[PDB]
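Structure data (CSV, C-alpha atoms and all ligand atoms) from query.csv:
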chain,number,residue,atom,x,y,z
O,1,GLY,CA,27.6,-9.5,21.5
O,2,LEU,CA,26.8,-7.1,18.8
O,3,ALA,CA,25.3,-4.4,21.1
O,4,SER,CA,28.6,-4.2,23.0
O,5,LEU,CA,30.4,-3.0,19.9
O,6,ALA,CA,28.5,0.2,19.5
O,7,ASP,CA,27.3,3.2,21.6
O,8,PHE,CA,24.0,3.5,19.8
O,9,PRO,CA,21.1,1.0,19.8
O,10,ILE,CA,21.6,-2.4,18.1
O,11,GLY,CA,18.1,-3.8,17.8
O,12,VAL,CA,15.9,-6.6,16.5
O,13,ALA,CA,12.3,-7.1,15.6
O,14,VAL,CA,10.6,-9.6,17.8
O,15,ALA,CA,7.5,-11.7,17.2
O,16,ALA,CA,4.7,-12.2,19.7
O,17,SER,CA,1.8,-13.7,17.7
O,18,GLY,CA,2.4,-17.4,18.1
O,19,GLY,CA,4.3,-20.0,16.1
O,20,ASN,CA,8.0,-20.7,16.3
O,21,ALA,CA,9.3,-17.1,16.3
O,22,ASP,CA,7.2,-16.0,19.3
O,23,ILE,CA,9.7,-14.5,21.8
O,24,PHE,CA,7.7,-15.5,24.9
O,25,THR,CA,7.8,-19.2,23.9
O,26,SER,CA,11.3,-19.5,22.4
O,27,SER,CA,14.0,-19.6,25.0
O,28,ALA,CA,16.6,-19.8,22.3
O,29,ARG,CA,15.4,-16.6,20.8
O,30,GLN,CA,15.2,-14.9,24.2
O,31,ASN,CA,18.8,-15.9,24.8
O,32,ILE,CA,19.9,-14.4,21.5
O,33,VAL,CA,18.2,-11.1,22.2
O,34,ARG,CA,19.8,-10.8,25.6
O,35,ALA,CA,23.2,-11.7,24.3
O,36,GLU,CA,23.3,-9.7,21.1
O,37,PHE,CA,20.9,-6.8,21.1
O,38,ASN,CA,19.9,-3.9,23.4
O,39,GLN,CA,16.7,-2.8,21.7
O,40,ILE,CA,13.6,-4.5,20.3
O,41,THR,CA,10.9,-3.4,17.9
O,42,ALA,CA,7.6,-5.3,18.0
O,43,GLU,CA,7.3,-6.9,14.6
O,44,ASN,CA,3.5,-6.7,14.8
O,45,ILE,CA,1.9,-6.2,18.2
O,46,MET,CA,2.4,-2.4,18.5
O,47,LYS,CA,0.7,-1.7,15.2
O,48,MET,CA,-2.4,0.6,15.5
O,49,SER,CA,-5.3,-1.8,15.8
O,50,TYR,CA,-3.4,-3.8,18.4
O,51,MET,CA,-4.0,-0.9,20.8
O,52,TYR,CA,-7.7,-1.7,20.9
O,53,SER,CA,-10.0,-4.5,22.0
O,54,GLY,CA,-13.6,-4.0,20.7
O,55,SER,CA,-14.1,-0.3,21.2
O,56,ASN,CA,-11.7,0.4,24.0
O,57,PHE,CA,-8.0,0.8,24.3
O,58,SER,CA,-6.2,-2.4,25.4
O,59,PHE,CA,-2.5,-2.4,26.2
O,60,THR,CA,-2.3,-5.8,27.9
O,61,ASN,CA,-0.3,-7.7,25.3
O,62,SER,CA,2.0,-4.8,24.3
O,63,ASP,CA,2.7,-4.0,28.0
O,64,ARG,CA,3.8,-7.6,28.4
O,65,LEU,CA,6.4,-7.2,25.7
O,66,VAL,CA,7.5,-3.8,26.8
O,67,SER,CA,8.0,-5.1,30.3
O,68,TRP,CA,9.8,-8.2,29.0
O,69,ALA,CA,12.2,-5.8,27.2
O,70,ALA,CA,12.9,-3.8,30.3
O,71,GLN,CA,13.6,-7.0,32.3
O,72,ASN,CA,16.0,-8.4,29.7
O,73,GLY,CA,18.3,-5.4,28.8
O,74,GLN,CA,16.3,-4.0,25.9
O,75,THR,CA,15.0,-0.5,25.2
O,76,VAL,CA,12.0,-0.4,22.8
O,77,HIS,CA,11.4,1.3,19.5
O,78,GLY,CA,7.6,1.8,19.0
O,79,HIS,CA,6.2,0.7,15.7
O,80,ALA,CA,4.0,2.6,14.9
O,81,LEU,CA,1.7,5.5,15.8
O,82,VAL,CA,0.3,6.2,12.4
O,83,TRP,CA,0.5,3.8,9.4
O,84,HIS,CA,-2.0,3.2,6.5
O,85,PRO,CA,-2.3,-0.6,5.9
O,86,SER,CA,-5.9,-1.7,6.4
O,87,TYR,CA,-4.9,-5.0,8.3
O,88,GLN,CA,-3.8,-2.8,11.2
O,89,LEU,CA,-6.2,0.2,11.0
O,90,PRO,CA,-8.4,0.9,14.0
O,91,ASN,CA,-12.0,0.8,13.1
O,92,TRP,CA,-12.3,4.6,13.6
O,93,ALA,CA,-9.7,5.1,10.8
O,94,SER,CA,-12.3,5.3,8.0
O,95,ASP,CA,-13.6,7.9,5.6
O,96,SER,CA,-17.0,6.9,6.9
O,97,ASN,CA,-16.2,8.3,10.4
O,98,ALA,CA,-17.3,11.9,11.0
O,99,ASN,CA,-15.2,11.8,14.2
O,100,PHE,CA,-11.9,10.9,12.4
O,101,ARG,CA,-9.8,13.9,13.5
O,102,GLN,CA,-10.9,13.5,17.1
O,103,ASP,CA,-10.2,9.8,17.1
O,104,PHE,CA,-6.8,10.4,15.5
O,105,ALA,CA,-6.0,12.8,18.2
O,106,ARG,CA,-7.2,10.4,20.9
O,107,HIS,CA,-5.1,7.6,19.4
O,108,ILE,CA,-1.8,9.5,19.5
O,109,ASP,CA,-2.4,11.3,22.8
O,110,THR,CA,-3.4,8.0,24.5
O,111,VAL,CA,-0.8,5.6,23.1
O,112,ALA,CA,2.2,8.0,23.3
O,113,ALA,CA,1.2,8.9,26.9
O,114,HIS,CA,0.7,5.3,27.9
O,115,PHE,CA,4.2,4.2,26.9
O,116,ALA,CA,6.0,7.3,28.3
O,117,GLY,CA,9.1,6.3,30.1
O,118,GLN,CA,8.9,2.8,28.6
O,119,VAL,CA,9.5,3.3,24.9
O,120,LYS,CA,12.6,5.2,23.9
O,121,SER,CA,11.6,6.2,20.4
O,122,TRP,CA,8.7,5.9,17.9
O,123,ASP,CA,7.9,5.5,14.3
O,124,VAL,CA,5.4,8.4,14.6
O,125,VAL,CA,4.4,8.2,10.9
O,126,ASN,CA,5.5,5.3,8.8
O,127,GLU,CA,5.3,5.1,4.9
O,128,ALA,CA,3.6,8.4,4.1
O,129,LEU,CA,5.4,8.5,0.7
O,130,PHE,CA,3.8,7.2,-2.5
O,131,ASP,CA,5.3,4.0,-3.9
O,132,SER,CA,4.2,2.5,-7.3
O,133,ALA,CA,5.2,-1.0,-6.0
O,134,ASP,CA,2.9,-0.5,-3.1
O,135,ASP,CA,-0.3,1.2,-4.3
O,136,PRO,CA,-2.8,-1.8,-4.5
O,137,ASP,CA,-5.8,0.6,-4.5
O,138,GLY,CA,-4.5,2.5,-7.5
O,139,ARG,CA,-5.0,6.0,-6.0
O,140,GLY,CA,-1.7,7.3,-7.4
O,141,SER,CA,0.7,10.0,-6.2
O,142,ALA,CA,-0.2,13.3,-4.7
O,143,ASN,CA,3.1,15.0,-5.5
O,144,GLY,CA,4.9,12.1,-3.9
O,145,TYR,CA,2.5,11.5,-1.0
O,146,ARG,CA,0.5,8.3,-0.4
O,147,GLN,CA,-3.2,9.1,-0.4
O,148,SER,CA,-3.9,7.0,2.8
O,149,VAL,CA,-7.0,7.5,4.9
O,150,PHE,CA,-5.0,10.0,7.0
O,151,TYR,CA,-4.0,12.0,4.0
O,152,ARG,CA,-7.6,12.0,2.6
O,153,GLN,CA,-9.3,13.0,5.9
O,154,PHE,CA,-6.8,15.8,6.6
O,155,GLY,CA,-7.0,16.9,2.9
O,156,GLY,CA,-3.2,16.8,2.6
O,157,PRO,CA,0.0,16.0,4.5
O,158,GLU,CA,-0.9,18.1,7.6
O,159,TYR,CA,-1.7,14.8,9.4
O,160,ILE,CA,2.0,14.2,9.6
O,161,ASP,CA,2.7,17.6,11.3
O,162,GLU,CA,-0.2,16.9,13.8
O,163,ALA,CA,1.0,13.4,14.6
O,164,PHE,CA,4.5,14.7,15.5
O,165,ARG,CA,3.2,17.6,17.6
O,166,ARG,CA,0.8,15.4,19.5
O,167,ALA,CA,3.4,12.7,20.1
O,168,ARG,CA,5.9,15.3,21.4
O,169,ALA,CA,3.3,16.8,23.7
O,170,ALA,CA,2.2,13.4,25.1
O,171,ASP,CA,5.7,12.1,25.7
O,172,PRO,CA,8.3,14.8,25.5
O,173,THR,CA,11.1,12.3,26.3
O,174,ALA,CA,10.7,10.0,23.2
O,175,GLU,CA,12.8,10.3,20.0
O,176,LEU,CA,10.3,10.9,17.2
O,177,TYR,CA,11.0,9.3,13.8
O,178,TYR,CA,9.6,9.5,10.3
O,179,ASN,CA,10.1,6.0,8.8
O,180,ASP,CA,10.0,4.6,5.2
O,181,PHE,CA,11.3,2.1,2.7
O,182,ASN,CA,13.0,2.4,-0.7
O,183,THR,CA,14.3,5.8,0.3
O,184,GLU,CA,17.8,4.3,0.2
O,185,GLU,CA,17.5,3.8,-3.6
O,186,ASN,CA,18.5,7.5,-4.2
O,187,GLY,CA,15.7,7.8,-6.8
O,188,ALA,CA,12.3,9.4,-7.0
O,189,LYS,CA,11.3,8.3,-3.5
O,190,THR,CA,14.4,9.7,-1.9
O,191,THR,CA,13.5,13.0,-3.6
O,192,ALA,CA,10.0,12.8,-2.1
O,193,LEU,CA,11.6,12.1,1.3
O,194,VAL,CA,13.6,15.3,1.0
O,195,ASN,CA,10.4,17.2,0.1
O,196,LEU,CA,8.6,15.7,3.1
O,197,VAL,CA,11.2,16.3,5.7
O,198,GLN,CA,12.0,19.8,4.4
O,199,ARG,CA,8.4,20.7,4.7
O,200,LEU,CA,8.3,19.5,8.3
O,201,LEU,CA,11.4,21.4,9.2
O,202,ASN,CA,10.0,24.6,7.5
O,203,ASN,CA,6.8,24.1,9.6
O,204,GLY,CA,8.7,23.8,12.9
O,205,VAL,CA,7.5,20.2,13.5
O,206,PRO,CA,9.2,18.3,16.3
O,207,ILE,CA,10.7,15.5,14.1
O,208,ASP,CA,13.9,14.1,15.7
O,209,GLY,CA,15.0,11.8,13.1
O,210,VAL,CA,14.5,9.7,9.9
O,211,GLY,CA,14.3,6.0,9.7
O,212,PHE,CA,15.4,4.0,6.8
O,213,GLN,CA,13.9,0.6,6.8
O,214,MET,CA,16.7,-0.7,4.5
O,215,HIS,CA,15.0,-3.7,3.0
O,216,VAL,CA,17.7,-4.4,0.5
O,217,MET,CA,19.0,-7.1,-1.8
O,218,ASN,CA,22.6,-8.3,-2.0
O,219,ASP,CA,23.4,-6.2,-5.1
O,220,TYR,CA,20.7,-3.6,-5.4
O,221,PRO,CA,20.7,-0.7,-4.6
O,222,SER,CA,24.3,0.2,-5.0
O,223,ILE,CA,26.2,1.1,-1.8
O,224,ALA,CA,27.0,4.5,-3.5
O,225,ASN,CA,23.3,5.2,-3.8
O,226,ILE,CA,22.5,4.1,-0.3
O,227,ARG,CA,25.3,6.3,1.1
O,228,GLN,CA,24.2,9.3,-1.0
O,229,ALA,CA,20.5,8.9,0.0
O,230,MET,CA,21.5,9.0,3.7
O,231,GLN,CA,23.8,12.0,3.0
O,232,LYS,CA,21.0,13.9,1.5
O,233,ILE,CA,18.9,13.5,4.6
O,234,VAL,CA,21.7,14.2,7.0
O,235,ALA,CA,22.4,17.5,5.1
O,236,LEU,CA,18.8,18.8,5.8
O,237,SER,CA,19.5,19.7,9.4
O,238,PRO,CA,22.4,19.8,11.9
O,239,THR,CA,20.6,17.7,14.5
O,240,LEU,CA,18.3,15.3,12.6
O,241,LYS,CA,19.1,11.7,13.6
O,242,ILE,CA,19.3,8.7,11.3
O,243,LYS,CA,18.1,5.2,12.3
O,244,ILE,CA,18.2,2.0,10.3
O,245,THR,CA,15.0,0.4,11.4
O,246,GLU,CA,14.3,-2.8,9.5
O,247,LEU,CA,17.5,-4.1,7.9
O,248,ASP,CA,17.4,-7.4,6.0
O,249,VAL,CA,19.2,-8.6,2.9
O,250,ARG,CA,17.8,-10.8,0.2
O,251,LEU,CA,20.2,-13.0,-1.7
O,252,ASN,CA,17.8,-13.2,-4.6
O,253,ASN,CA,16.9,-10.4,-7.0
O,254,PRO,CA,13.8,-11.3,-9.0
O,255,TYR,CA,13.7,-7.8,-10.5
O,256,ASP,CA,16.9,-7.9,-12.4
O,257,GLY,CA,15.7,-9.5,-15.6
O,258,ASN,CA,17.9,-12.5,-15.0
O,259,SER,CA,16.3,-15.7,-13.9
O,260,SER,CA,19.6,-17.6,-14.0
O,261,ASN,CA,21.2,-16.0,-11.0
O,262,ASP,CA,18.5,-17.0,-8.6
O,263,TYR,CA,18.7,-19.6,-5.9
O,264,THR,CA,15.5,-21.6,-6.5
O,265,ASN,CA,16.0,-24.4,-3.9
O,266,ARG,CA,15.9,-24.2,-0.1
O,267,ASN,CA,19.0,-26.4,0.0
O,268,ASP,CA,21.1,-24.0,-2.1
O,269,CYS,CA,22.2,-21.8,0.7
O,270,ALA,CA,21.5,-24.1,3.6
O,271,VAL,CA,25.2,-24.7,4.2
O,272,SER,CA,27.3,-22.5,1.9
O,273,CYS,CA,26.8,-20.5,-1.3
O,274,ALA,CA,28.3,-17.4,-3.0
O,275,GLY,CA,25.2,-15.5,-1.8
O,276,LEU,CA,25.9,-16.0,1.9
O,277,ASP,CA,29.4,-14.7,1.4
O,278,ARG,CA,28.2,-11.7,-0.5
O,279,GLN,CA,25.6,-11.2,2.2
O,280,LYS,CA,28.4,-10.8,4.8
O,281,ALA,CA,30.0,-8.1,2.6
O,282,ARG,CA,26.6,-6.5,2.1
O,283,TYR,CA,25.7,-6.2,5.8
O,284,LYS,CA,29.3,-4.9,6.4
O,285,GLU,CA,29.2,-2.2,3.7
O,286,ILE,CA,25.8,-0.9,4.8
O,287,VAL,CA,26.8,-0.6,8.5
O,288,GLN,CA,30.0,1.1,7.3
O,289,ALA,CA,28.1,3.6,5.2
O,290,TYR,CA,25.9,4.4,8.1
O,291,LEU,CA,28.9,5.1,10.4
O,292,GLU,CA,30.7,7.1,7.7
O,293,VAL,CA,27.9,9.5,6.9
O,294,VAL,CA,25.8,9.7,10.1
O,295,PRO,CA,27.8,11.7,12.7
O,296,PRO,CA,28.4,10.5,16.2
O,297,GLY,CA,25.6,12.0,18.3
O,298,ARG,CA,23.1,11.6,15.5
O,299,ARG,CA,23.1,7.7,15.3
O,300,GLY,CA,19.6,6.6,16.3
O,301,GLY,CA,20.4,2.9,15.9
O,302,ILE,CA,20.6,-0.1,13.6
O,303,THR,CA,17.9,-2.8,13.8
O,304,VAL,CA,17.6,-6.0,11.9
O,305,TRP,CA,14.1,-7.2,11.0
O,306,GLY,CA,14.0,-10.5,12.9
O,307,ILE,CA,16.2,-13.0,14.6
O,308,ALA,CA,16.5,-16.1,12.5
O,309,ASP,CA,15.9,-16.7,8.8
O,310,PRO,CA,12.6,-18.8,9.1
O,311,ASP,CA,11.2,-15.9,11.1
O,312,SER,CA,11.7,-13.4,8.3
O,313,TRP,CA,8.8,-11.9,6.4
O,314,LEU,CA,11.2,-12.5,3.4
O,315,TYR,CA,12.0,-16.2,4.1
O,316,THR,CA,9.9,-16.6,0.9
O,317,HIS,CA,9.3,-13.7,-1.5
O,318,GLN,CA,8.4,-13.5,-5.2
O,319,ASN,CA,7.9,-17.3,-4.9
O,320,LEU,CA,11.5,-17.9,-4.1
O,321,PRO,CA,13.3,-19.0,-0.9
O,322,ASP,CA,15.6,-16.6,0.8
O,323,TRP,CA,17.9,-16.3,3.9
O,324,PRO,CA,17.7,-12.6,5.0
O,325,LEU,CA,18.9,-12.3,8.6
O,326,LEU,CA,22.0,-12.8,10.9
O,327,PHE,CA,21.0,-16.3,12.2
O,328,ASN,CA,20.1,-19.4,10.2
O,329,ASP,CA,17.3,-21.9,10.7
O,330,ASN,CA,19.2,-23.6,13.5
O,331,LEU,CA,19.8,-20.3,15.2
O,332,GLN,CA,23.5,-20.3,14.3
O,333,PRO,CA,25.3,-17.0,13.4
O,334,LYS,CA,25.9,-16.7,9.6
O,335,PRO,CA,28.6,-14.8,7.7
O,336,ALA,CA,26.2,-11.9,7.8
O,337,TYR,CA,26.7,-11.7,11.6
O,338,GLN,CA,30.4,-11.4,11.1
O,339,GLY,CA,29.9,-8.6,8.5
O,340,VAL,CA,28.1,-6.6,11.2
O,341,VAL,CA,30.9,-7.3,13.8
O,342,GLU,CA,33.6,-6.2,11.4
O,343,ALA,CA,31.8,-3.0,10.5
O,344,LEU,CA,31.0,-2.0,14.0
O,345,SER,CA,34.5,-2.7,15.3
O,347,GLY,CA,36.3,-0.9,12.4
C,401,CA,CA,17.7,-12.6,-10.7
Have the structure of the file written as C-alpha cells, please.
Amino acid sequence: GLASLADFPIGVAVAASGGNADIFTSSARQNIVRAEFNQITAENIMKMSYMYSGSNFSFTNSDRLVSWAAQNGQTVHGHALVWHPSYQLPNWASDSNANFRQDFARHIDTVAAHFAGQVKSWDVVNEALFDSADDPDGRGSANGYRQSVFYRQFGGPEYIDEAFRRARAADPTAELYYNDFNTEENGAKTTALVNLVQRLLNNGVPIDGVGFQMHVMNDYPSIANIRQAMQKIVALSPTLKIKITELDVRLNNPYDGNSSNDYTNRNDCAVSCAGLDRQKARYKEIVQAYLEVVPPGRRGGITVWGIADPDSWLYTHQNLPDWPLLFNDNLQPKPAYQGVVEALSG
C-alpha cells in the first residue's frame, strides 16, 4: 500500500468516539489502516481535555488507541500538547486559575512522559498564529499571534518556548512539531509563521519541525504558493523537518465568488465528475511539491485527515457536500489515491 512507497511516515487520522468511523468497531477501516498506512494521528482523543477524568489524569482511552497502533504496524503522531479551542481545554486552562503556569507545566511534563517510547512525534503547540477566519472571540492579532488563554497567561508567546522545552525534557526521543493551517497560502499567515519559527530558533528552543495541516481546495491555493511557503520554512534551518499533518482536498470552493462551479448535490461526485479527476491531480501535485522541496532526511511524514469521505470533518462544509479523502463512502480507493501513488513512486 501507500506506506510501502515511501521511507517517511504515511499516516491517517483515526476516529475513536463512536459512530461509523470509530476504528475499534470498523474492521473495514482497521484493514485499510494496516494495508495502506504506517502511522496514525488520533483525530480527537489525544486533545488536551481527553487526558483528564474529573480532576485527575486519565490515559485509559488514549492508551487503548496507542496500543492498537503498536499492534497493527502504526507509529503515532500525538495531537496535541497545547491547543486553544475551548471544547478541548482542561478546566485548569482558564484566566480564572491562579495556578495556571503550574498546571500548564504539569500537563506537558505528565502527558509527554506518559507516552514516551509509544508516540513518535508530537504537535507540541498547534495553531498559535492569528487567523481572521478563526477568531470567534474577536480578540484580534498580537503582531500575528493568537491571543489564546496560553498567550494571555504568559503575557506573550513565551508559552511556546516553554512547551517545547518541557516536552523535550519529558521525552527526549520524540520529534517535536509546531503545527498550523493556512500557512501554505504564502500570504500573511506564512509570514507570521516565519516570524514565529525564527524567534524560536533565535531563542534556542528545541523545535524539530513544522507541520503544515494542508487543508486545501482543488484549485486554491496555487501549487506555486504552497511550494514557496514550504520553501520559506525549509530555508530557516539546515535541519528543521517538514510534516504534512492533516491533508484533505475539497472539490468545492465557496470563497471564489462563483456559485456556478459548485457541486451542490451529494450525487454529483458519487460516481464520476471533473472534480474527482482534478482531486487526483491535486493530491499528486502537493505530494510532488513536498518531495521536491523538503530534503531527504527532513521529511517528517504525510498524513491524510481521515480514511473515508463520510468520516471527514469536511464531508459537509459551508452548507455543501464534499468528498475530501482517498476512499469513498463504500471504502473504495478514489482517483485521489492514485494521485498519491503516482507522486510517491515518481
Ligand atoms: Ca465556487
What do you get as a VMD selection string if you pick all residues at most 9 Å from ligand CA 401 (chain C), counting all atoms listed in the file? chain O and resid 252 to 263
12 Å contact set for residue O:148, only C-alpha atoms, chain neighbours under 3 positions out, as a CSV table (one decimal) with C-alpha atoms, in the coordinates of the input:
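What landed in selection_31.csv:
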chain,number,residue,atom,x,y,z
O,82,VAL,CA,0.3,6.2,12.4
O,83,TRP,CA,0.5,3.8,9.4
O,84,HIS,CA,-2.0,3.2,6.5
O,85,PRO,CA,-2.3,-0.6,5.9
O,86,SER,CA,-5.9,-1.7,6.4
O,89,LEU,CA,-6.2,0.2,11.0
O,93,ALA,CA,-9.7,5.1,10.8
O,94,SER,CA,-12.3,5.3,8.0
O,95,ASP,CA,-13.6,7.9,5.6
O,125,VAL,CA,4.4,8.2,10.9
O,126,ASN,CA,5.5,5.3,8.8
O,127,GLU,CA,5.3,5.1,4.9
O,128,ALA,CA,3.6,8.4,4.1
O,129,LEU,CA,5.4,8.5,0.7
O,130,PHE,CA,3.8,7.2,-2.5
O,131,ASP,CA,5.3,4.0,-3.9
O,134,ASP,CA,2.9,-0.5,-3.1
O,135,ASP,CA,-0.3,1.2,-4.3
O,136,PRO,CA,-2.8,-1.8,-4.5
O,137,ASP,CA,-5.8,0.6,-4.5
O,138,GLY,CA,-4.5,2.5,-7.5
O,139,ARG,CA,-5.0,6.0,-6.0
O,140,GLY,CA,-1.7,7.3,-7.4
O,141,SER,CA,0.7,10.0,-6.2
O,142,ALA,CA,-0.2,13.3,-4.7
O,145,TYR,CA,2.5,11.5,-1.0
O,151,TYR,CA,-4.0,12.0,4.0
O,152,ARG,CA,-7.6,12.0,2.6
O,153,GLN,CA,-9.3,13.0,5.9
O,154,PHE,CA,-6.8,15.8,6.6
O,155,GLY,CA,-7.0,16.9,2.9
O,156,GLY,CA,-3.2,16.8,2.6
O,157,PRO,CA,0.0,16.0,4.5
O,159,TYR,CA,-1.7,14.8,9.4
O,160,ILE,CA,2.0,14.2,9.6
Of O:326, O:289, O:46, O:40, the one nearest to residue O:228 when counting only C-alpha atoms is O:289
Skip residue O:66 itself and residues of its chain fewer than 2 positions away, then list as number ranges by chain all residues within 9 Å of it, counting all atoms listed in the file. O: 40, 42, 61-64, 68-71, 74-76, 115, 118-119
Between atom CA of residue O:286 and atom CA of residue O:341, what is the spacing in Å?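 About the pair atom CA of residue O:341 and atom CA of residue O:286: they are 12.2 Å apart.
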Any idea what's packed within 8 Å of stretch 273-277 of chain O, counting all atoms listed in the file, ignoring anything in its chain fewer than 6 positions away? Could you give it as a PyMOL selection string? chain O and resi 218+251+334-336
Taking the point (11.5, 20.5, 9.5) as given in the file, collect each protein or nucleic acid residue that comes within 10 Å of it, counting only C-alpha atoms, and present the set as a CSV table (one decimal) with C-alpha atoms, in the frame of the given file.
chain,number,residue,atom,x,y,z
O,161,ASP,CA,2.7,17.6,11.3
O,196,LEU,CA,8.6,15.7,3.1
O,197,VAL,CA,11.2,16.3,5.7
O,198,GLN,CA,12.0,19.8,4.4
O,199,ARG,CA,8.4,20.7,4.7
O,200,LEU,CA,8.3,19.5,8.3
O,201,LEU,CA,11.4,21.4,9.2
O,202,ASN,CA,10.0,24.6,7.5
O,203,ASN,CA,6.8,24.1,9.6
O,204,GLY,CA,8.7,23.8,12.9
O,205,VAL,CA,7.5,20.2,13.5
O,206,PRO,CA,9.2,18.3,16.3
O,207,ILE,CA,10.7,15.5,14.1
O,208,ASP,CA,13.9,14.1,15.7
O,236,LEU,CA,18.8,18.8,5.8
O,237,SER,CA,19.5,19.7,9.4
O,240,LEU,CA,18.3,15.3,12.6
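A straight line drawn from atom CA of residue O:215 to atom CA of residue O:304 is 9.6 Å long.
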Reconstruct stretch 68-85 of chain O at the level of N, CA, C and O atoms, and format the result as a compact mmCIF listing (two decimals), in the coordinates of the input.
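The result, stored in selection-v8.txt:
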# COMPACT_ATOMS: atom_id res chain seq x y z
N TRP O 68 8.83 -7.17 29.28
CA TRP O 68 9.80 -8.20 29.00
C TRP O 68 11.15 -7.51 28.56
O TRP O 68 12.24 -7.86 29.01
N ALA O 69 11.05 -6.50 27.70
CA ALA O 69 12.20 -5.80 27.20
C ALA O 69 12.99 -5.20 28.37
O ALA O 69 14.22 -5.35 28.48
N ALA O 70 12.28 -4.48 29.22
CA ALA O 70 12.90 -3.80 30.30
C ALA O 70 13.57 -4.76 31.31
O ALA O 70 14.56 -4.40 31.95
N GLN O 71 13.06 -5.98 31.41
CA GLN O 71 13.60 -7.00 32.30
C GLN O 71 14.79 -7.74 31.70
O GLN O 71 15.51 -8.45 32.39
N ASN O 72 14.98 -7.60 30.39
CA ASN O 72 16.00 -8.40 29.70
C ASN O 72 16.96 -7.51 28.84
O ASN O 72 17.49 -7.97 27.82
N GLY O 73 17.19 -6.29 29.32
CA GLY O 73 18.30 -5.40 28.80
C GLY O 73 18.00 -4.69 27.53
O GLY O 73 18.94 -4.24 26.89
N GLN O 74 16.72 -4.54 27.18
CA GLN O 74 16.30 -4.00 25.90
C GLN O 74 15.57 -2.67 26.11
O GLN O 74 14.60 -2.64 26.87
N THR O 75 15.91 -1.63 25.37
CA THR O 75 15.00 -0.50 25.20
C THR O 75 13.98 -0.96 24.09
O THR O 75 14.08 -2.04 23.50
N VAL O 76 13.01 -0.08 23.82
CA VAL O 76 12.00 -0.40 22.80
C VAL O 76 11.82 0.79 21.86
O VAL O 76 11.71 1.94 22.25
N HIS O 77 11.78 0.44 20.58
CA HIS O 77 11.40 1.30 19.50
C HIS O 77 9.91 0.98 19.19
O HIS O 77 9.63 -0.16 18.83
N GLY O 78 9.03 1.98 19.29
CA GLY O 78 7.60 1.80 19.00
C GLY O 78 7.26 1.85 17.57
O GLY O 78 7.58 2.79 16.87
N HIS O 79 6.55 0.84 17.09
CA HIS O 79 6.20 0.70 15.70
C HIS O 79 4.76 0.30 15.59
O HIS O 79 4.43 -0.86 15.82
N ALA O 80 3.84 1.23 15.29
CA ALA O 80 4.00 2.60 14.90
C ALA O 80 2.79 3.40 15.22
O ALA O 80 1.73 2.81 15.29
N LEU O 81 2.88 4.70 15.45
CA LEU O 81 1.70 5.50 15.80
C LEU O 81 0.67 5.68 14.73
O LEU O 81 -0.52 5.58 14.99
N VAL O 82 1.15 5.96 13.52
CA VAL O 82 0.30 6.20 12.40
C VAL O 82 0.87 5.46 11.15
O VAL O 82 2.00 5.68 10.74
N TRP O 83 0.06 4.57 10.58
CA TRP O 83 0.50 3.80 9.40
C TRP O 83 -0.81 3.38 8.68
O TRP O 83 -1.81 3.00 9.29
N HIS O 84 -0.77 3.45 7.35
CA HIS O 84 -2.00 3.20 6.50
C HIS O 84 -2.51 1.78 6.30
O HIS O 84 -3.66 1.70 5.90
N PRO O 85 -1.74 0.68 6.42
CA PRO O 85 -2.30 -0.60 5.90
C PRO O 85 -3.55 -1.04 6.61
O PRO O 85 -3.66 -1.04 7.83
